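Data block below; observations after.
Counting convention: from 1, in listed order, for ligands and their atoms alike. Atoms considered below: every heavy atom in the structure, side chains included; atoms not considered: hydrogens, waters and symmetry mates. Position 1 is the first residue of the sequence; numbering continues from there.
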Amino acid sequence: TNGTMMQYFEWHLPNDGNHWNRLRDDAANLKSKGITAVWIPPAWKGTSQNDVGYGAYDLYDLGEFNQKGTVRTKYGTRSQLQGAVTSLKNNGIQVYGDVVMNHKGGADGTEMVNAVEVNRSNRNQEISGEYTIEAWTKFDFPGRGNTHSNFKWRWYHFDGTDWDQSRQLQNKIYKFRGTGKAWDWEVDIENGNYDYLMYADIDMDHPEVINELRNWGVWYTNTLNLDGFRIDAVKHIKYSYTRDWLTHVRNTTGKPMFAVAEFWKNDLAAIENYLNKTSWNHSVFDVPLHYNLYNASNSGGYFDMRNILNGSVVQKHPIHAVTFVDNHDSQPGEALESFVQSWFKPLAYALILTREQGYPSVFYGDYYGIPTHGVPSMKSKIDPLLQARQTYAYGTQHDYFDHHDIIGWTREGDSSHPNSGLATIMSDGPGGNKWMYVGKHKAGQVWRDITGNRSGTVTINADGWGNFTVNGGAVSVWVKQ
Ligand SMILES: [Ca+2]
Ligand SMILES: [Ca+2]
Ligand SMILES: [Ca+2]
Ligand code: NA
């Protein structure tokens, strides 16, 4: 069956502690709509209750201990989280947990550390001599104590920080001194070594760090019975470390543990180098395709639809790419904002859901909407597309990316899925028609538009060709009536 995951969260979810409860009660529904895997938001304690989770204070606190002014995380308690995972599991849905290992924020205390300032545009270059700063690198976890783990963090487990409590100076990046201290290598090259990003940067070359995060990885997997991971900020993390961390977890638990890393860079060559350096042992989000979809939706129809897949990861690396329309990085208001316009969104979803290449992901923000930024729920338009993927998107595929506005592709379906086979067509401009081959053995069949956009039927001729139609700025997916 065609796998389909769902990012079950967006950046502006309410801080009401009922998100795990919602996931729990949505499990049965998700299963019926075709979702086979769910990527849950950071389940640990952030810098505050409000934290989306990427602040990453305590990875062993899943809304179980009183820390950072709260017991529950933004999403709920450990109990409520476990209830959600159980619900998904009982409904046959896999669970992918988010993983944040690049840094830690909200240190319990400070430490005086010898450091040097570095060029923020070239972290390889030091711009100050050595001197002592007060850095937030002490993590004792008073609320948790040693429950689950007695590992405590100190300055030497980090490579640097961006804040000196003593001399509160802005626009600074500090690199810690010490034997062997240096920015980790084989990370993105923007700003000449993008090891540092925010908060206290974790030293991926320190032996205790390597062993500890690996131990945490397995504890995390076993505690929540995870089936996979969504790995955060991989371009800022030692490439070989991530590769080996994953292998360690797979080796220890014995589970395949699917994993998709977010290497956020609209650069195919950079992502390909990342896959190479990680020995292709996990997939990556197709960020390049995201920008293609964004640009097409932003072109008022002037985008050349023939090249919508050009430069994407899924075009050259189909089984190592997780395709997506939007996510918390691109939604309205965020730094990397590049939200795919709603008029084009159904087309984008048809692109990633009805084609054979890539592992598609549905964005919670798109499905249930983003109330805070006026983005309406588009499940009514996505549900039919998920239906098409679930029962009709199978078999040999034929592509027709031969027109600047109207493009499409077909699937001949296969014996393993009854009535399977489809023909999606879309136009980022005026509507029209296109003759497409769905298979001679389908001769005589009468197809209909599962999206409901076009109300008539299309009959496949004796040669297996059908003249499919589509409306302006829309998509139609024809299937056996
Ligand atoms: Ca280092
Ligand atoms: Ca880093
Ligand atoms: Ca066009
Ligand atoms: Na580092």
Using a cut-off of strictly less than 3.0 Å, determine whether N102 has an N/O/S atom near the Ca ion (ligand 2). yes

By atom name, which N, O or S atom belonging to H404 lies closest to the Ca ion (ligand 3)? O

Hey, can you tell me if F339 and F363 have their rings parallel, tilted or perpendicular (30° and 60° cut-offs)? perpendicular

Any N/O/S atom, side chain or main chain, of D159 closer to the Ca ion (ligand 2) than 3.0 Å? no

How wide is the angle at the Ca ion (ligand 3) between O of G301 and OD1 of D428, to the nearest 10°? 100°

Determine whether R123 and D195 satisfy the following criterion, salt bridge (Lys or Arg N to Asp or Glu O under 4.0 Å), listing intermediate values before the conclusion. CA-CA 8 Å; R123 291 74 170 294; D195 186 5; over 6 Å; no

Which of parallel (below 30°), tilted (30 to 60°) and perpendicular (above 60°) describes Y199 and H103? tilted

When you measure from the Ca ion (ligand 2) to each N, O or S atom of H236, which atom gives the shortest distance? O

Measure the spacing between CD1 of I407 and CE of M436 and express it to the nearest 0.5 Å. 9.5 Å

Quick check against the 3.5 Å criterion: does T451 have a side-chain atom that pairs as donor or acceptor with the backbone of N453? yes

So what does the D201 OD2 - the Na ion (ligand 4) - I202 O angle come to, to 10°? 90°

Assess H103: does it contribute an N, O or S atom lying under 3.0 Å from the Ca ion (ligand 2)? no

Of the options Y220, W44, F65, which is the one that meets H148 in a ring-ring contact (aromatic ring centres under 6.0 Å, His included)? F65

For the Na ion (ligand 4), the nearest N/O/S atom on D195 is atom OD2

At the Na ion (ligand 4), what is the angle formed between atom OD2 of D159 and atom OD2 of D184, rounded to the nearest 10°? 90°

Just wondering, is there an N, O or S atom on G429 that's nearer than 3.0 Å to the Ca ion (ligand 3)? no

Using the side chain to side chain contact (heavy atoms under 4.5 Å, CB included) definition, which of the options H157, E212, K104, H236 pairs with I202? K104

Looking only at N, O or S atoms in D405, which is nearest to the Ca ion (ligand 3)? OD1

Examine all N, O or S atoms of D201, backbone included, and report whether one is under 3.0 Å from the Ca ion (ligand 2). yes

If you define the side chain from C-beta out and look only at heavy atoms, does anything of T161 sit under 4.5 Å from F176? yes

